[PDB]
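Asker: Return atomic coordinates for the entry below.
(chains A, B, C, D, E and F, ligands or ions: 1)
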Amino acid sequence: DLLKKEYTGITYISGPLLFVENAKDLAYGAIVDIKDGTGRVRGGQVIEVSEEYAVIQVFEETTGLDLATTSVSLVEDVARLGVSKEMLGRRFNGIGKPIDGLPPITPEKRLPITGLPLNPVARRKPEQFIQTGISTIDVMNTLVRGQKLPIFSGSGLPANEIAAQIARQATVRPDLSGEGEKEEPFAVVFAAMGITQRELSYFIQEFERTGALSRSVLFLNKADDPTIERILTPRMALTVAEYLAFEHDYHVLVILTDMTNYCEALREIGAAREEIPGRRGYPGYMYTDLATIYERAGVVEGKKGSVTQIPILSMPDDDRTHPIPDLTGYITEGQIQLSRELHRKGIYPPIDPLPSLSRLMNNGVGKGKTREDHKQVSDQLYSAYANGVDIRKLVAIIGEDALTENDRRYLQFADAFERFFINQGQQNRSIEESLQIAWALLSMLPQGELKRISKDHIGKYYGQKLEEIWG
Amino acid sequence: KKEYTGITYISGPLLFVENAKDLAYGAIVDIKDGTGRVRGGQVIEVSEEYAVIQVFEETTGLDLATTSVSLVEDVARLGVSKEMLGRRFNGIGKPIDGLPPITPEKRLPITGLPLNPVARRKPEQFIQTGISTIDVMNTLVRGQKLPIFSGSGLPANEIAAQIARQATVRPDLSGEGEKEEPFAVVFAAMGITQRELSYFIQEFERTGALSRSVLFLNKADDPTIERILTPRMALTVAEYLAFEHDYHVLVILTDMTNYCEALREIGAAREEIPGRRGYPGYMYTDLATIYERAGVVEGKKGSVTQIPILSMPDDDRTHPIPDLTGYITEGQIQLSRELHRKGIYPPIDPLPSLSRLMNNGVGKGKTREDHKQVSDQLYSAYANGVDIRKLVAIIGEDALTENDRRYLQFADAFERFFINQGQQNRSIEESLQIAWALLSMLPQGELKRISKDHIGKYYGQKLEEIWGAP
Amino acid sequence: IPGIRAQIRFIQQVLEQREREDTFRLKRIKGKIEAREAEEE
Amino acid sequence: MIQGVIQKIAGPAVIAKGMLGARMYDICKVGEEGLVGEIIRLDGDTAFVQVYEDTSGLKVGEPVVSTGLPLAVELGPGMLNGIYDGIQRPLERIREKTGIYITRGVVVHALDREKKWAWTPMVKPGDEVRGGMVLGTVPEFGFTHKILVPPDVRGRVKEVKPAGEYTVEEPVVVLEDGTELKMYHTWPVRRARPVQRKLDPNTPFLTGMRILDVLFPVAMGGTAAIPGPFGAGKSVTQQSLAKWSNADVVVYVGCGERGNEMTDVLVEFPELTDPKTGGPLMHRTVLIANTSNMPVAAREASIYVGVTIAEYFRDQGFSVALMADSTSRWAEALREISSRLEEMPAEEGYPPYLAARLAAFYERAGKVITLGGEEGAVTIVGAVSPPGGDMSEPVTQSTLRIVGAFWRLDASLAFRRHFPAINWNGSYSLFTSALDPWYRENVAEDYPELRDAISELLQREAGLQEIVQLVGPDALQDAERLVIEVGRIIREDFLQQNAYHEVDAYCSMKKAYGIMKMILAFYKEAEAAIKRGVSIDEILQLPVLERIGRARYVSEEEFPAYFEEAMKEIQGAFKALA
Amino acid sequence: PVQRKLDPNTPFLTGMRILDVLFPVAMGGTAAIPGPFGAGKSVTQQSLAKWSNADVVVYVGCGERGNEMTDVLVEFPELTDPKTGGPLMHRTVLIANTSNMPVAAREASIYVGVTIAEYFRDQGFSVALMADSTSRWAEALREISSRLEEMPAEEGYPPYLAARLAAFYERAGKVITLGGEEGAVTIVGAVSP
Amino acid sequence: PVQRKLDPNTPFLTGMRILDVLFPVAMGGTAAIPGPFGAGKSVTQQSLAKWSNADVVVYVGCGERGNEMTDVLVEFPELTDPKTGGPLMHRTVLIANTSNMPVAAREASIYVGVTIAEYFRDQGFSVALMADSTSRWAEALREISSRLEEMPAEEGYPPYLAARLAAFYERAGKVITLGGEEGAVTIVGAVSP
Ligand SMILES: Nc1ncnc2c1ncn2[C@@H]1O[C@H](COP(=O)(O)OP(=O)(O)OP(=O)(O)O)[C@@H](O)[C@H]1O
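Answerer: Numbers count the residues shown, from 1 in each chain, chains lettered A, B, ... in the order given. Below is the structure:
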């Protein structure tokens, strides 16, 4: 435990891998230190071991290594990260080292970065409504505390802005929930993999403006940093998040900037090891890896904290059938999918409601949680918007002049919906204002066309005009 | 006799056995485990270093220390007899009906030989399936390879059973004719479920068709190699009967999509890089060795006729299975989901169906002189009726001419009384009568494709002859 | 109709290319494993 | 016992040397902590072991021991109301021993060995016993659980315990040959439990959903597959079947899916009521949860454990429903395994034997005469998760060739929040013709004809939708617009169902018959009106359509009166039009 | 071998006005015809054989169906030579293959036919070679290449399909034989996509 | 290395109305200009070099036409620096690895150009870096990985292609130099899909 065991006998350095011969006493998954001839130390992890040799994945670049002056030493058998309450207000890199000038943190515990699966019996039901301030999320794709709700983005779409806005505006509404008023904010664990300087400066300035750096832990893996380092960043971030939530009663919001980059690192390692790959060259176990990451959210019986995840990924050619978005959606509890068509029209946030989803929305809406009309109003909005898009496809065939009055009304509804309900800029809307706007838009259709809403709610809320809100 | 115990590798479906240079390529072997259970397998590679055995079923209890391999036979053979009629087998030829095993007249290699092209002769006589849409519009000729293209949820099994129950030859219709000619049906079912197995057993037993049939039934949970062997054994029996006992043999191969999936699986199990769309690069040759085992030979009274049945994977005729099958076969009978969901049975759609050899097995001296023109006219009239049916939805019935309206009525009558025969057994004369009754709805002289003699002779029948039995 | 034909051609090309790439990968991996078996069994 | 040492560790795969004599697919204890593994390859003196747990921290040279037996399930009293892992570890006991996390190397008995059971013998000394006979009985949550002779056991009874309270370890019956039969036995999980004969299904499996029970029925011993992309509502459908089906016992297998879906069942079912018994719903339920971040090799185990438990409850003479949350995850686990083994893939990387394994699993379903002469049944509903929503994937296509019913889900409908979101055109059932006698005897004499009329209407609407997409809906003639409108009425008032409603979450067959009859009568009267020259606009404004549209929400007790009023009102409304 | 390959300056008269006028083929030329079903390709090929100015005819069936091959083998014997009135088979060499005959034979069929054609050319005759279903020959080639474990190109065909077809078709031509006489081989292929 | 990375706040004026107005680039930003052959990549980049408001231009001809390098060499010495007033060539560094020059040197050319640009930034200059085609750099990496016997990702390229591209593009930025002055490197990247 206190004795240093070195392994000369490196027989191969190529790409991110390194073979060492007589290392039969290196555990599977152990962390190692690779010392070069000039005394520089670089890290790696044992990913295969046999009597013949051990395969090490190097976390840095391999420049300057030689098969004569390099040695591998054992750091620890199981990859662990020292955690403490004092991680708040600190900035670390992809392997959890300080990058802000302060000294290293004194651990209260060292936890395995891989973690362990939460027992399903131990889990709670995620039920607390979070008010993001974005109407397309609050009304139609509600976010509940304990949920894993990613953002499916494009190349030039504003996903970082949406994530920053959600962090800035997200709050629970104890007044509606019937719970005693309490002012516990969100702690934000922010993990960036392959993030450019432009996006990072945006996020950092936004947090500094909001004053959220004091209650944030940042694991930053930039785009000029080693790619294989990205394998550990999400796991370190989620180790810290789980620790804070389920040992210190924090309500943690975890932002994972770009999961496409993580998948790129995974594919790199898979190809180096000559594994038989799956789709588009990605490893066949990518579902399991992504589940090891995403399933570290939720809420636990008998504990007050929570972990909420909002991964952000870029669908490569705006392609939802690409393996990364596809597997993610199969793992996560919904998705908020942006649209380039709305973005080009100038609509912000450019959230397209039809392809978005929130699995747990029914858990945290309705009488005693948000308002008794919420679910039916969301259903009615979906139906009306779908009819509008269909009539848009129809005008290209028949021509506008041939439309019926109801078809024209649905066209007008679709336009107004996009321009007033989805387009809200950087404004923070309460669920009450969002439902008011939704009802104003629904009042543009005849009261008998609202078949998903009960007549009690139609009596109570139908009628108000949009001009009363604006203009 | 000799037992090989030098087993040095077991992985998935394969086991390697050393010091086994005495095993022929493609020999069938028995695998005995420590518990005493006996499995089966086939030699798929032999070298001076070891032989590779593909194991039927599962390699669960096998160990390298107690397993022993023995030779059953060098070449897969099937003992055949005329006593195989009325009997049910399991895909490798083992009885599954509980009656005693058959004593064979001879044992034959299941992968028979290719027929000499110069010993073949033209198909010239027809098989009456009892189904009007086939007998009249897509005739089946003795020696033909006529597949049924089905879909996911369509009643292909019922149609197969109906043809098996009704199929017959018509010696009386062939000029002077003959008193009787033997007829047999060989039914190969591959990858079927328990429900389908029970349905087939009951169908063959209730109507008595079992007495003139041989059934090779392979379940979906049986070994894949048995699926591969089932059609070969069926056709070996068919060739035996036809070309050594002058039988007229009809072969129904119930799911060739299942056969091709099994072929893909076995190819992957022998470490062969898949060809187009995952299927083996030799799929064409294998499907040919199966399909091409039908025909009519010069100097022999018998014949072999095949009806493969395929479920087009996603209604795609461009899928490799149906593409290759069309390349090898001589037409296709296409089922339709529109007709099925409208209640019509058998849901055979005449428009996309064709029998390439129909013209050589219909006409004077075989069926009736009016057959070809009646078929052509029915096709044209039905196509016009369907087009007018789409046109009415837009321009209404008033904007149609009287002839367009008559075609509109004829199309519905055709669907209701010609296609929709239920579980009836219609002789060719009854089907031709129904066809003439339907054509009588159109005005004489609008039947361009029929000579005036036939019109004079048969035109004028009344729909009441079939109105009471849709 | 020409637009649909162009889309069909494009999708066919993409799918065939993906199949070709996967096949090349399998051949490469199996060849390398065979070489490894030859070198060290 | 066969013993050896680790030679190589690559992820969940361990190569152990010195294992000569080890058998294929036998369980092995790996490492110093005895991690449960399985032998999947034998190569000279080496064996390829799949660890059912995480292998991080293991070292070369650690011992590997073989149990000499394949994966087996403990079958007997103590499973209902229980939640298990993939290899039948109770999760409540893991929760007590471990904290809120699952740790490796926990050994816990499947059945509780300290709970006592009220044994009532049903054999007496000198009685012959054969596999599957009933020796006695035990109460469990309103079921008369019956102890069965293990299938491969024979002999004559020497002594029988008197009626009393004993643990499941008690040798309740002793045979002259010396065999001591306890309340439970062990069965290899990959062997189908034998039955006397399999019977042709003739009774429906009522899920409470109109579209499935009417248009796409599944029989009691049948198999259904429900494929779809994420968001289309597979989990909601499976849970509705768990809540509302007419099966005596429900087995729920969470193969490699979200853990919140298991939490939902655990939290909610205890508060719900069994449709027939009346007691708590969780008392008729067995959960097998192997979530997505739990060991990959345990997914195959979860599927086969579930099917074995279901076959046991069938051997007891029950009707059992088995729900597989995703067979796609089972297939992906197989693919991961094969890639680790460096096998030759087929199609999208799957092992060649995937189709055979699916077929073997789905052929364990059915209605049977048990070895005891009773009648039990297993109905399997498996969900498929094609990548990209592509139904041309190998898994979906291989399922499509062995199942009886195919409930295709549509992304377009799920995007509009139209649930159940079944693609009518792409769905089918092979059980309709076999269930007609039952429908005539138990729903209504003309139910089959009404169902067929609905189907013909839907096919006509599908046919005219092409013209509608070509020329728009207003260009159609009156009769065709009526067909389009009645198809829409069917879609919104009959096929649409609200799982979260208090009444509409469940529908009886008679309520479905009533709604169908309403819609057909309306269609006939509208056709007659149009032939007499009534505008469509005036037809679609008739208020009786609102009654037809609200029929879904009428409680089961009030529905008959509502239906009679509506049948009178339709005739009145189309008579008043004159 | 030949001594010289001459130019395409003389016509190959099929006897059919449409081909002989609108779309002529020269002596030593090459033509391709697609075979749809029901288009009467068989009668057209038979008339080319009957009435062409070719002295000898080589008909290669490379991978046909069994019944199409039987049709060919039962019809040609009964055809009559317009020049002599004797059986047309007396100036015809026929190569017959079926789909279920060895793939090597189906692959070598066109080569055997062309070699025979060139022999009769070197004797100083005009020979018409008709290869029915070169698509089936390409299928045989694709299968052979798969069995040799070669990297496929395009729809699974080997990357040398075009070159093999070119080498085959370029054996056609009008030549001066090594013996100093004029002889020709004219190839008419068929394609069935 | 640099002291600090700044936020781009001034425009990279190009001389093209469309790029300057609708789709601008900041003085230390990155742009990609992909296009099919014949669309105007080379003309656009040469115009960037002739008219841009950068102090220094490093123009990297990675695996492209040699006539383009000759065109630059011949023409620029006669044009005038828009701001300095001297000859345009005097503000330009040319790195040329044409298409028929060795393949592996394409990667070296990219890295050499970006390092020189960083150097001139470190002197306090605003530097424009034009990469004539990063597609040819990707092709070189694919070739070398073929020789290494590595396993490819999509379309044969090595899986670390995105990492290399990212590392190359992240060297752009407005910065505070270690000497305390303000520098900037702007990268425009041509891709030839
Ligand atoms: N020149 C012709 N003069 C008169 N009738 C002809 C002529 N050419 C063809 N036909 C007739 O047209 C028919 C064409 O269709 P058919 O299906 O019979 O042709 P096929 O030769 O069997 O088919 P394929 O195109 O596959 O060779 C020929 O069978 C023959 O009946």
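Asker: How about the contacts made by residue 31?
Answerer: As the question left the chain open, I've gone with chain A. By C-beta atoms under 8 Å, 6 or more residues apart in numbering or on different chains, residue A:31 lies in contact with A:43, A:44, A:45, A:74, A:75, A:76, A:79. Using the backbone N, CA and C atoms, a C-beta is placed for each residue, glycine as well.
Asker: Highest neighbour count among these?
Answerer: Ranked by neighbour count (other C-beta atoms under 10 Å in any protein chain shown), the contacts of residue A:31 have residue A:44 at the top, with 24 neighbours.
Asker: could I get the contacts of residue A:31 as a markdown table with distance to residue A:167 and secondary structure?
Answerer: Putting these into a markdown table (distance: C-beta to C-beta, whole Å; DSSP: H, G, I helix; E, B strand; the rest coil) gives the following:
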| residue | distance to residue A:167 | secondary structure |
| --- | --- | --- |
| A:43 | 31 | strand |
| A:44 | 34 | strand |
| A:45 | 31 | strand |
| A:74 | 39 | strand |
| A:75 | 34 | strand |
| A:76 | 33 | strand |
| A:79 | 28 | coil |
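Asker: and which of the residues you listed is nearest to the ligand?
Answerer: Checking those against the ligand by C-beta to the nearest ligand atom gives residue A:45 as the nearest, at 66.2 Å.
Asker: can I get the contacts of residue A:31 in a markdown table with distance to residue D:174?
Answerer: Listed next are the contacts of residue A:31 as a markdown table, based on distance: C-beta to C-beta, whole Å:
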| residue | distance to residue D:174 |
| --- | --- |
| A:43 | 64 |
| A:44 | 62 |
| A:45 | 57 |
| A:74 | 57 |
| A:75 | 60 |
| A:76 | 55 |
| A:79 | 54 |
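Asker: Can you name the residue of chain C nearest the ligand?
Answerer: Nearest residue of chain C to the ligand, counting by C-beta to the nearest ligand atom: residue C:5, 26.5 Å away.
Asker: Point out the other helices and strands that the one helix or strand that residue maps to packs with.
Answerer: Using DSSP states H and E, the element containing residue C:5 is helix C:2-40. Contacts defined by 3 or more C-beta pairs under 8 Å, 6 or more residues apart in numbering or on different chains; DSSP states H and E place helix C:2-40 against no helix or strand at all.
Asker: Name the residues of it that are buried.
Answerer: For helix C:2-40, burial by neighbour count (16 or more other C-beta atoms under 10 Å in any protein chain shown) applies to C:19, C:21, C:22, C:23, C:25, C:26, C:29, C:30.
Asker: export the residues you listed to CSV and tack on distance to residue D:93?
Answerer: Output for those, formatted as CSV (distance: C-beta to C-beta, whole Å):
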residue, distance to residue D:93
C:19, 49
C:21, 49
C:22, 45
C:23, 49
C:25, 45
C:26, 45
C:29, 44
C:30, 46
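Asker: quick one: contacts for the closest residue to chain B within the stretch 301-450 of chain A?
Answerer: In the stretch 301-450 of chain A, the residue that lies nearest chain B is residue A:398 (13.2 Å; C-beta to the nearest C-beta). By C-beta under 8 Å, 6+ apart, residue A:398 lies in contact with D:471, D:472, D:474, D:475.
Asker: now the last one, nearest residue through space, not along the chain?
Answerer: It stands for residue D:475. Nearest in space to residue D:475, with sequence neighbours left out and distances taken as C-beta to C-beta, 6 or more residues apart in numbering or on different chains, is residue B:394 at 6.2 Å.
Asker: Doesn't residue D:336 belong to a helix?
Answerer: Yes: Residue D:336 forms part of a helix when assessed by DSSP: H, G, I helix; E, B strand; the rest coil.
Asker: Run a quick neighbour tally on it.
Answerer: By other C-beta under 10 Å, neighbour count at residue D:336 equals 25.
Asker: residue contacts, it?
Answerer: A:284, A:285, A:288, D:296.
Asker: Doesn't the third one lie inside a helix?
Answerer: Yes: using three-state DSSP, the assignment for residue A:288 is a helix.
Asker: ok, it - how many residues close by?
Answerer: By other C-beta under 10 Å, 24 other residues sit near residue A:288.
Asker: Surely it and residue D:290 touch.
Answerer: No: with contact defined as C-beta atoms under 8 Å, residue A:288 does not reach residue D:290; the gap is 11.9 Å.
Asker: Enumerate every residue touching residue 431.
Answerer: Going with chain A. By C-beta under 8 Å, 6+ apart, the residues touching residue A:431 are A:129, A:131, A:138, A:139, A:173, A:176, A:370, A:371, A:374.
Asker: Chain D, not that one
Answerer: D:201, D:204, D:217, D:218, D:219, D:222, D:404, D:405 are the contacts of residue D:431 under C-beta under 8 Å, 6+ apart.
Asker: Noted, bye for now.
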